[PDB]
């Protein structure tokens, strides 16, 4: 199992086997909520359409893909012991927030993700990264995961857009997997239900859609028109399967 080079909340890494077990085959996989892209890195589709609302994330992904060797060499220089203190961290965080250069921001983004607290990605309403120092002993530099990502990204397109726009890209040969922000144990409840509506529209166009979420009475109401599978609170896999 291949790991993502980013630390991300709800990476769905221990759930990969279950997801892949209920994920239909197709020419193209569409991910409206790509995140770290664990499913992307552990599946074998001919091409991928990967989207997310986070512009820094999508920007980073395209840079790692197109300027791989340049990026790895630049980002590696920040994974040294000298940068592992709070004072240096908050200066790099400041440099990130003031920079208008996509490459430099992408380089610092990896640093902030590995040196920041719990790999959190948090912004204020100004759009400024404000995750505090993580105080780690020895942050790992994901050089292998970076190169593996770039290799797989050769057949992937990245888009910075909401789920409704990315799911509209799906066609007859597509499969859609959705990993939205977790429902109550930002992404509103109305958006949670609207996601299910779009999936119902797609499944009538003979486009298979798989949704992962918490197993609650509220999520079961949303995904009531789908085949429900309980994993291991519990994890819910809502599969929308077209009837040929």
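Residue numbers count along the first chain shown, from 1.
- Count the deposited residues lacking coordinates between residue 185 and residue 186 and you get 10 or more of them.
- In the deposited sequence, the stretch from residue 232 to residue 233 hides 10 or more residues that have no coordinates.
- For the two regions 196-204 and 59-67, the entry's Cα B-factors average higher over 196-204.
- Mean CA B-factor, 97-105 versus 164-172: the higher value falls on 164-172.
- In the deposited entry, the Cα temperature factor of residue 51 places it in the lowest third of its chain's modelled residues.
- For residue 138, the recorded CA temperature factor ranks within the highest third of the chain's modelled residues.
- Residue 34 sits in the lowest third of its chain by CA B factor, as recorded in the PDB entry.
- Residue 80 sits in the highest third of its chain by CA B factor, as recorded in the PDB entry.
- Annotation for residue 126: C-alpha temperature factor in the highest third relative to the rest of the modelled chain, per the entry.
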